[PDB]
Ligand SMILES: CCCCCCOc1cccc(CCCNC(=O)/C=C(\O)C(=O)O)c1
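Read the single chain below, which is given as structure tokens and is the form deposited without this ligand.
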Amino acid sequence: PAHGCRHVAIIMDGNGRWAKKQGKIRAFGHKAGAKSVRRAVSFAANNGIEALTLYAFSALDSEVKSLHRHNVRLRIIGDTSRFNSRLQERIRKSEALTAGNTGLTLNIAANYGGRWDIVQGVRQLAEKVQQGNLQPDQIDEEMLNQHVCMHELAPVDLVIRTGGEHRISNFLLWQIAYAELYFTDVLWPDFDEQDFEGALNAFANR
């Protein structure tokens, strides 16, 4: 924690382009990006990062065993409701397995949108209104902040986007109010331990 960064969020763009530059099809890029994911997760866990939130931008897993091993707590954020029910149980089971883990919290955005995220936290507040439990004039920023995804973690300190586009693309919105935004042209499958080091270094400075 020289870098002092508790919660990094990453928009992992560039898989497709990475594959095309090599004359390979899209699928090769995705497999390469998966390897980049494991590399990043390791890095975060070995550098005292408290939370890493990953957004795969334009799937599945046997990593859970390995994550659970490294005391990583796994959370899926997004609208899982529509997922075919086998999928939902698998997610639930992976979350329940690692729920008591105390190392890195790894949030993996799936069918996630920043606006959806805010909207659903609004529903909850609007729920506790109808129950007559809370007044409409009582709603403040801290309030609505306790009902959006990852309210329980440290605030997002750093958002990295690879692949060259300079936009949020409906990823976290409420939660990035004060975050450092770091954009790199590096494509996601080449984004390595030094690039991640590069990013944290730049967060340090203000």
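For clarity, a rigid core is taken as the largest C-alpha set superposing within 1.5 Å between two forms. Shifts are known only where both forms have a C-alpha. From 1 onward, residues are counted along the sequence shown.
This protein has a second form, the form solved in complex with this ligand, left out of what is shown; the following refers to that one.
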Shown form pocket vs this ligand in the entry with it bound, superposition, backbone/C-beta distance 2.4 Å: blocked
Distance check, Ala56 to this ligand in the entry with it bound, heavy atom within 4.5 Å: yes
Contact of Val37 with this ligand in the entry with it bound (heavy atom, 4.5 Å): yes
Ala9, heavy atom within 4.5 angstroms of this ligand in the entry with it bound: no
This ligand contact in the entry with it bound: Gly198, any heavy atom under 4.5 Å: no
Residues in 20 to 43 with any heavy atom within 4.5 Å of this ligand in the entry with it bound: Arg26, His30, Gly33, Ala34, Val37
Core-referenced shifts between the shown form and the other one - contiguous stretches of at least three, CA at least 2 Å: 59 to 61
